[PDB]
A.B. asks: 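Got a structure for you, questions after.
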Amino acid sequence: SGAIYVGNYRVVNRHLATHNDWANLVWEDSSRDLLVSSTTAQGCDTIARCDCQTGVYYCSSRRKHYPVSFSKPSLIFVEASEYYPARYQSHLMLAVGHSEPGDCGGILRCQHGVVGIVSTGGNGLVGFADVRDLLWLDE
Ligand SMILES: NC(=O)[C@H]1CCC(=O)N(Cc2csc3ccccc23)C1
Ligand SMILES: [Zn+2]
């Protein structure tokens, strides 16, 4: 689990969105596994605006943060799960690192701020849904 809180927005994995997230929907994209809902409280996270390929992510299944090198956002084939059939997920970045399904939502950060959230994984890889291109999260 995990979310990004910026301004009057809450960014979560679309497959983990709650009833309140859907009742206050701002934007969702199944191909990216992202959903953004509105909040009454003001969020303080900073979103990165950059093309970094190194950062640190939080891994809840180890209670640890790990430093990683990751690929630029791209269209990657993702195996079926209980939430989606096998499909291409867009805006996805991969790294070599540990992840389990419950790790989804953990933040990946660089020196500029929040880069994205854990969304995919398996076989010693971890994939992150990018949020750096969502310029509207700031205004
Ligand atoms: N299509 C998606 O974005 C998600 C939907 C929900 C889901 O359980 N997964 C699989 C998954 C995510 S982290 C991880 C780590 C080790 C094994 C499996 C997984 C994919
Ligand atoms: Zn950066």
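Every number for a ligand or one of its atoms is a count from 1 in the order of the listing. Values below: every heavy atom of this structure, side chains too, minus hydrogens, waters and symmetry copies. Numbers here simply count residues along the sequence, with the first being 1.
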A.B. asks: Quick one: does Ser30's side chain get under 4.5 Å of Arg14's, heavy atoms only?
C.D. replies: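 Yes. Closest side-chain heavy atoms under 4.5 Å.
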A.B. asks: I'd like to know if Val115 and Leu137 are part of one continuous hydrophobic network [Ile/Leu/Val/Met/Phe/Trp/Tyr, side-chain heavy atoms within less than 4.5 Å].
C.D. replies: no
A.B. asks: So, taking the atom named CG in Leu75 and the one named CG in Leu92, what distance separates them when rounded to the nearest 0.5 Å?
C.D. replies: 9.5 Å
A.B. asks: Using a 4.0 Å heavy-atom threshold (strictly under), name the region of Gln89 that reaches ligand 1: side chain, backbone, both or neither.
C.D. replies: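 Side chain only; the backbone of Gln89 stays clear of ligand 1.
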A.B. asks: Measuring from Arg49:CZ to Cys52:SG, what's the distance to the nearest 0.5 Å?
C.D. replies: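 The CZ atom of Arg49 sits 13.0 Å away from the SG atom of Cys52.
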A.B. asks: Side chains of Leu94 and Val126, heavy atoms from C-beta outward: is any pair under 4.5 Å?
C.D. replies: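 Of all side-chain heavy-atom pairs linking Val126 with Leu94, none is under 4.5 Å.
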A.B. asks: Using the rule that two of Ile, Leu, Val, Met, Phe, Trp, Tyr join whenever any of their side-chain heavy atoms come within less than 4.5 Å, decide whether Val6 and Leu25 are in one cluster.
C.D. replies: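 Not linked; separate clusters.
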A.B. asks: Considering the heavy atoms of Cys104, write down every atom of ligand 1 situated less than 4.0 Å from one of them.
C.D. replies: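 Every atom of ligand 1 under 4.0 Å from some heavy atom of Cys104: 12 (C), 13 (S).
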A.B. asks: Is it the case that the side chains of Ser119 and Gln89 hold a donor-acceptor pair, with the cut-off being a distance below 3.5 Å and no angle test?
C.D. replies: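 Yes - a donor-acceptor pair under 3.5 Å links their side chains.
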A.B. asks: Under the side-chain hydrogen bond (donor to acceptor under 3.5 Å, both in side chains) definition, can you give me all pairs with a residue in residues 64-85, not counting sequence neighbours?
C.D. replies: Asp33-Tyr84
A.B. asks: Side chains of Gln111 and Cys50: closer than 4.5 Å at any heavy-atom pair?
C.D. replies: no
A.B. asks: Report the nearest protein non-hydrogen atom to atom 4 (C) of ligand 1: residue, atom name, distance rounded to 0.1 Å.
C.D. replies: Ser119 O, 3.2 Å
A.B. asks: With heavy-atom distances below 4.0 Å as the criterion, list the atoms of ligand 1 near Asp33.
C.D. replies: 3 (O)
A.B. asks: Give me the one residue out of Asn20, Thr39, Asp21 that meets side chain to side chain donor-acceptor pair (under 3.5 Å) with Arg10.
C.D. replies: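 Passing option: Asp21.
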A.B. asks: Which of the atoms in ligand 1, numbered in the order shown and given with their element, are less than 4.0 Å from a heavy-atom of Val78?
C.D. replies: 1 (N)
A.B. asks: What count do you get for protein N/O/S atoms less than 2.8 Å from the Zn ion (ligand 2)?
C.D. replies: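 Step by step: take the Zn ion (ligand 2), keep protein N, O, S below 2.8 Å, and you get 4.
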A.B. asks: If the contact criterion is a heavy-atom separation under 4.0 Å, does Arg87 count as touching ligand 1?
C.D. replies: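 The answer is yes, since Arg87 has a heavy atom less than 4.0 Å from ligand 1.
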A.B. asks: Around atom 8 (O) of ligand 1, find the nearest protein heavy atom and jot down its residue, atom name and distance.
C.D. replies: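 Protein heavy atom with the smallest distance to atom 8 (O) of ligand 1: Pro101 CB, 3.8 Å.
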A.B. asks: Where does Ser81 meet ligand 1, judged by heavy-atom distances below 4.0 Å: at the side chain, the backbone, both, or neither?
C.D. replies: side chain
A.B. asks: Could you tell me the separation between the NE2 atom of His112 and the OG1 atom of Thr46, rounded to the nearest 0.5 Å?
C.D. replies: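 Between atom NE2 of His112 and atom OG1 of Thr46 there are 12.0 Å.
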A.B. asks: Would you tell me which option among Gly121, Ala129, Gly124 has the nearest heavy-atom contact to atom 14 (C) of ligand 1?
C.D. replies: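 Residue with the shortest heavy-atom distance to the ligand atom: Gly121.
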A.B. asks: For ligand 1, is there an atom lying under 4.0 Å from some heavy atom of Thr120?
C.D. replies: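 Contact check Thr120 vs ligand 1: positive.
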A.B. asks: Quick one: look up the protein heavy atom nearest atom 6 (C) of ligand 1 and list residue, atom name and how far away it is.
C.D. replies: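 Here the closest protein heavy atom is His15 NE2, 3.5 Å.
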